[PDB]
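The structure appears below as structure tokens.
Just so you know, these numbers use all the heavy atoms, side chains as well, and skip hydrogens, waters and symmetry mates. So you know, we letter chains A, B, ... as the sequences are listed, proteins then strands, and number each from 1.
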Amino acid sequence: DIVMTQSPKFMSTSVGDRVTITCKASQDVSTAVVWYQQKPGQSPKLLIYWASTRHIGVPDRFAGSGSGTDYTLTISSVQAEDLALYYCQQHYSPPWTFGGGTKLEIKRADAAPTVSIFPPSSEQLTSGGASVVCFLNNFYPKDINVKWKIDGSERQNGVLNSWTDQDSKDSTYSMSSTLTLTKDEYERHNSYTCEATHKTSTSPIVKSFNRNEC
Amino acid sequence: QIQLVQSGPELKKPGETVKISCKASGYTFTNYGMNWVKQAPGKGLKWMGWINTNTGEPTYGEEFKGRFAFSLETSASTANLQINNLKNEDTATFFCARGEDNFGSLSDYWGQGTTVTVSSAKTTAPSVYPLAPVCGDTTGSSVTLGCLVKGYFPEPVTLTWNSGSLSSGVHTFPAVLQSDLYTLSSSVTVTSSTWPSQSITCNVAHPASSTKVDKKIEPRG
């Protein structure tokens with residue numbers, strides 16, 4: 001059928017500039033291209049149809065262009081809240097085929113991680129389980145490597161890491177790393193560390209614990 | 001004006017059937033047919049077909065001719081998707097979208113999505129744990145604290161800090177599935193004046209298992 005092709009797939013621009021997404025079809029699609037925008041965790045919204053006609057109330061900074069097999073969507077004054085997946089879709093012959101999306105990341109300036117480590121909850125310990133939690137909040141760039149070390153040794157088994165997609169308000173990221181253990185392995189050891197290596201330093205951001213009074 | 005509100009998300013073991021409703025508001029049902037789109041977890045967006053809400057004739061995408069059946073409670077402005085003999089690789093989110101024209105080349109107005117998780121796993125209620133700091137002033141006169149909601153199936157879970165009165169400086173992370181169940185956490189950062197002094201509570205509802213938990217993060221330091 002007509003196969004819509006989007007590449008790149010990830011793009012970044014800072015607040016205020018332009019970015020221009022490229023979409024391409026396999027045959028002349030005769031200016032029948034629609035652009036939806038899908039804000040992370042929401043439904044698609046129709047932005048532009050017939051390659052340039054903006055729908056009811058999508059601001060003029062969004063502008064579609066294109067011809068034959070080559071179409072492109074541009075956004076000017078990128079807003080922090082413009083972060084989203086952009087899909088192009090042909091609407092010339094059935095079936096209507098969508099491109100694979102392109103993610104817009106907003107190129108913030110670097111921020112160091114707020115790292116915080118968490119002892120096993122006592123009630124968890126009653127359940128016979130021990131999980132040491134470690135939050136690395138509001139860092140930028142996305143890239144951060146977190147290592148656990150129990151009593152010096154790089155613990156690399158039993159870890160679940162989770163990530164926040166980029167924030168729509170301040171363009172940073174956030175991640176969890178949960179080291180789950182058995183009560184008995186927890187009580188067989190004593191120093192637990194969440195070491196983070198991130199662009200903001202030479203020195204590994206290190207958070208360690210063993211319960212002590214504050 | 002136009003609202004397409006969809007049913008809530010289901011869990012179903014392989015082989016079962018599901019009927020996903022799409023209740024339309026704001027337009028005259030009859031002059032605008034319905035697009036059914038599948039956004040599969042990784043893969044992106046795909047047209048499943050279109051139903052002529054006037055005559056009632058469905059078009060299926062070839063990928064969808066067979067186990068999929070579109071129908072409509074005309075009378076109540078509802079369109080429905082039914083997927084029979086559920087295959088495990090049907091977990092995804094299905095959107096009804098209104099089609100602007102004949103055939104639905106344009107989806108102006110999309111519904112919220114109904115997510116199906118095809119899985120033989122049994123529903124598990126969560127474990128909610130107050131994660132209170134062994135201090136280390138997390139940024140100037142700010143204390144971060146958290147909630148680990150462990151071991152439930154299926155997802156979603158609704159985690160609010162103090163009835164949603166605490167909105168600033170919350171990070172609720174996406175759940176992750178480790179083989180059979182989920183682990184989700186959320187940090188909240190308050191000032192040293194707001195805790196242990198004020199009561200921070202993490203309220204967790206797992207509606208699949210009819211859990212609603214309220215864990216006060218006790219000072220424990």
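Of all heavy-atom pairs spanning B:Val134 and A:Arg211, the tightest one is CG2-CA, 3.6 Å. Nearest heavy atom pair, residue B:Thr138 against residue A:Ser116, reads CG2-OG, 3.0 Å.
At least one side-chain heavy atom of B:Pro130 sits under 4.5 Å from a side-chain heavy atom of A:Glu123. A:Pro44 has its side chain within reach of B:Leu45: a pair of non-hydrogen atoms, C-beta onward, lies under 4.5 Å apart. Taking 4.5 Å as the limit, some side-chain heavy atom of B:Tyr129 sits within range of a side-chain heavy atom of A:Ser127. By the 4.5 Å heavy-atom criterion applied to side chains, B:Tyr109 and A:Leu46 are not counted as neighbours. Counting heavy atoms from C-beta on, the side chains of B:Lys46 and A:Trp96 never come closer than 4.5 Å.
The closest side-chain donor-acceptor pair between A:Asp167 and B:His171, if any, does not fall under 3.5 angstrom. Looking only at atom types and distance, the side chain of B:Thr189 has no donor-acceptor partner in the side chain of A:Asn137 under 3.5 Å away.
With chain B as the partner, the residue from A:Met175, A:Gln42, A:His55, A:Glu213 showing the most heavy-atom pairs under 4.5 Å is A:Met175. No other option in A:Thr178, A:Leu160, A:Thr97 has as many heavy-atom pairs under 4.5 Å with chain B as A:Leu160. Comparing A:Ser43, A:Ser174, A:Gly101 by heavy-atom pairs within less than 4.5 Å of chain B, the highest count is held by A:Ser174.
When heavy atoms are compared at a cutoff of 4.5 Å, B:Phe103 approaches chain A by way of both its backbone and its side chain. Contact of B:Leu148 with chain A is made through the side chain alone, with heavy-atom distances under 4.5 Å. For a residue to count as touching a neighbouring chain, one of its non-hydrogen atoms must lie under 4.5 Å from one of that chain's; by this rule B:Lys150 touches chain A with the side chain only. Neither the backbone nor the side chain of B:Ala97 comes within less than 4.5 Å of any heavy atom in chain A. Residue B:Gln39 touches chain A through its side chain alone, counting heavy-atom pairs closer than 4.5 Å. Proximity to chain B is limited to the side chain of A:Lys207, based on heavy atoms less than 4.5 angstrom apart. Contact annotation for B:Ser127: neither backbone nor side-chain heavy atoms come within less than 4.5 Å of a heavy atom of chain A.
Ring planes of A:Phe135 and B:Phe173: parallel class, angle under 30° (limits at 30 and 60°).
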Could you go through the side chain to side chain donor-acceptor pair (under 3.5 Å) check for A:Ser176 and B:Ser185 one step at a time?
CA-CA 8 Å; A:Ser176 274; B:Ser185 50; 3.1 Å; yes
